[PDB]
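1. Whatever this is, show me its structure:
(one chain, ligands or ions: 5)
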Amino acid sequence: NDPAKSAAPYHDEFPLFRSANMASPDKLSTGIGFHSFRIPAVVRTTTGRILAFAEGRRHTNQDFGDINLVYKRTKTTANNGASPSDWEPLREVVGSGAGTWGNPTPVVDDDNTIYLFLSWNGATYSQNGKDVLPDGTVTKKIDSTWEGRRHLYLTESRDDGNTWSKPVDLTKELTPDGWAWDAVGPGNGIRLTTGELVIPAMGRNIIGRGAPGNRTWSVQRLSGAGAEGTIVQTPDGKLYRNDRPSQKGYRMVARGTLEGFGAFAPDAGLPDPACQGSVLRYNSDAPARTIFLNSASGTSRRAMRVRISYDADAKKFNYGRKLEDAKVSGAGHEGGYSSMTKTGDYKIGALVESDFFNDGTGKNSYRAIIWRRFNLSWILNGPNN
Ligand SMILES: O=C(O)[C@]1(F)O[C@@H]([C@H](O)[C@H](O)CO)[C@H](O)[C@@H](O)[C@H]1F
Ligand SMILES: O=C(O)[C@]1(F)O[C@@H]([C@H](O)[C@H](O)CO)[C@H](O)[C@@H](O)[C@H]1F
Ligand SMILES: *[C@]1(C(=O)O)O[C@@H]([C@H](O)[C@H](O)CO)[C@H](O)[C@@H](O)[C@H]1F
Ligand SMILES: [Cl-]
Ligand code: NA
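-> Numbers count the residues shown, from 1 in each chain. Ligands and ions are numbered 1, 2, ... in the order given. Here you go:
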C-alpha cells in the first residue's frame, strides 16, 4: 500500500486563535479583543511562510454584527508553525466599520501574490433578519439592495502576508445581479496545473486568468452548487467541487473543467451534518493523493475526520483518521469549519474550529481555532482504517 505509512507518524496540535475566555487571549496590537474566532483559512506561501486567517467575532459567536478579518503568520519562512512560539501575534487584514468582514478564501499565486477573497455585509443586516445586536438593534434581513446585500471583496499581499491592500469591491463584476445572500469559500482557492486560479463561491467558481498577481477575473456559473463550496484539481487534472449540502446528510460533489461542470450529486461516502469542509491536492505523482476534512457525521460537527483518496477523480476516500485521536485539551470541543494546506516540511497543516459550548448553542459560547500538523503516516496508521 501507501509507502508514506512507513514514516514515523507525526502529529502536533495547539490552539492558534485563543478566544476571550482563555488564558492569553488573542488581541490586536491596538488592544482590540474578540469573543470568538471562527471560519478558518490557511495557506502556505511560495516562501514556506504559513498564513492563517479567521473571522474575529468581536462581541458574540454570531455570524453577523461587528466581525473583523484577522490573521497570524509564522515568524519565519522556515519554521512551519511547529510550536506556539513560531507564530506572530494576531494582526488584522480589514476591520473597518461595525459590519461583517468574513469568509476568508485565500489563494497563493505563482509570483507569491496572496489573493484573499472576502464577503461583507452591513452592520444592521443578517442572513435571517430580526436578530438582536449587542445594543438591542434588530437586524434587517439581507436583501438585494446595495446597502443590504452580501458583497464580494478582494485584498492582496505582495510581501508574504506582511501588509494587505485596502479591499476592493468586486460585487458588480463577480456576483450575479439581483443576489442578496452570497458567500465566497470559506477556505481556499487553488492554482491549476494549466495556470489559472479557481476560487470556490456560492453557485459559481471565480476564475483568475493571465499574469500571476495581475489576474483578470471572471465567473463560471454552476448549476446545483452549494453556498459553501470547496475546489480541488484531481490527479486526472479535472476540477472537483465538494460542497456543503443545504440539508444534513452528505457532501455534494460535481466534476468538470473550465469549460463546464456536470451535475452535483450526494457523495454517500462522505457524510456531513450541513457544515463547511476542506479539500487539498497533496501530490500528483504515484500514489497521487487528495486530502479531505470535514465532520464525518450526518448530525454532529464533533466527528472531524481527515481522509485520503488515491482515485484519479477522487471518487472514493478512505476511512482516514479521527482528529480526536490527537485531542487538544483546554480549547473546548473540536469540530466545525476547517482549512488545510501543505507545509514546507511535508506535513498537512490544518485549522479546525473548536467550541467551549459554555452557553450551549447560544451566542455566548466561546469559539477557538486549533492548529494541527500531521504527516500522511499519522493518517494511515489510524486504528479505524
Ligand atoms: O483503500 C483505500 O485507500 C480506499 F478506501 O479504497 C480505494 C480502492 O477502492 C481500493 O481499496 C484500492 O485499489 C480507493 O482507490 C481509495 O481512494 C480509498 F477510497
Ligand atoms: O452542531 C453540532 O454538532 C453541535 F451540537 O452544535 C454546534 C453549534 O452550537 C450549533 O451548530 C449551532 O451553531 C457546536 O459548535 C458543536 O460543538 C455541537 F455541540
Ligand atoms: C456557518 C455555520 O456555522 O454553519 O454558516 C454559514 C451560512 O449561514 C451557511 O452556509 C448557510 O448559508 C455562515 O456564513 C458562517 O459564518 C457559519 F456560521
Ligand atoms: Cl453560505
Ligand atoms: Na469592525
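2. How about the residues of the stretch 151-300 of the chain by ligand 3?
-> 183, 227, 228, 275 (C-beta under 6 Å from any ligand atom). For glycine as for every other residue, the C-beta is placed from the backbone atoms N, C-alpha and C.
3. quick one: the last one and residue 337 touch, right?
-> Just to be clear, that refers to residue 275. Yes: between residue 275 and residue 337 there is a contact at 6.8 Å, judged by C-beta atoms under 8 Å.
4. ok so, going back, for the residues of the stretch 151-300 of the chain next to ligand 3, which one is nearest ligand 5?
-> Closest to ligand 5 out of those is residue 183 (19.0 Å), distances taken as C-beta to the ion.
5. what about the nearest residue to residue 364 once chain neighbours are set aside, which helix or strand?
-> Closest residue to residue 364 apart from its sequence neighbours, by C-beta to C-beta, 6 or more residues apart in numbering: residue 60 at 6.5 Å. Counting by DSSP states H and E, no helix or strand carries residue 60.
6. Count the neighbours of residue 60 for me.
-> Counted by other C-beta atoms under 10 Å, the residues lying close to residue 60 total 21.
7. Same check on residue 130?
-> Residue 130 has 9 neighbours, counted by other C-beta under 10 Å.
8. Name the SS class of it, please.
-> Secondary structure, DSSP: H, G, I helix; E, B strand; the rest coil: residue 130 is coil.
9. ok, it - contacts?
-> Contact partners of residue 130, counting by C-beta atoms under 8 Å, 6 or more residues apart in numbering, are 138, 139, 141.
10. For PyMOL, what selects the buried ones among those?
-> In PyMOL syntax, the buried subset of the contacts of residue 130 is picked out as below (16 or more other C-beta atoms under 10 Å):
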select buried, resi 139
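11. Now the terminal residues of stretch 126-144, how far apart.
-> Counting by C-alpha to C-alpha, to the nearest Å, you get 13 Å between the two ends of stretch 126-144.
12. hang on, I meant stretch 331-348
-> Stretch 331-348: ends 21 Å apart by C-alpha to C-alpha.
13. about what we covered before: export the residues of the stretch 151-300 of the chain next to ligand 3 to CSV and append columns for secondary structure and neighbour count.
-> Formatted as CSV, those follow (DSSP: H, G, I helix; E, B strand; the rest coil; neighbours: other C-beta atoms under 10 Å):
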residue, secondary structure, neighbour count
183, coil, 22
227, coil, 15
228, coil, 23
275, coil, 21
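14. Please tell me how far the closest residue to residue 300 other than its chain neighbours sits from residue 70.
-> Closest residue in space to residue 300, ignoring its immediate chain neighbours: residue 273 at 5.7 Å, by C-beta to C-beta, 6+ apart. Distance of residue 273 to residue 70, given as C-beta to C-beta, to the nearest Å: 26 Å.
15. More neighbours: those two, which one.
-> Between residue 273 and residue 70, counting by other C-beta under 10 Å, residue 70 is the more crowded of the two (26 against 21).
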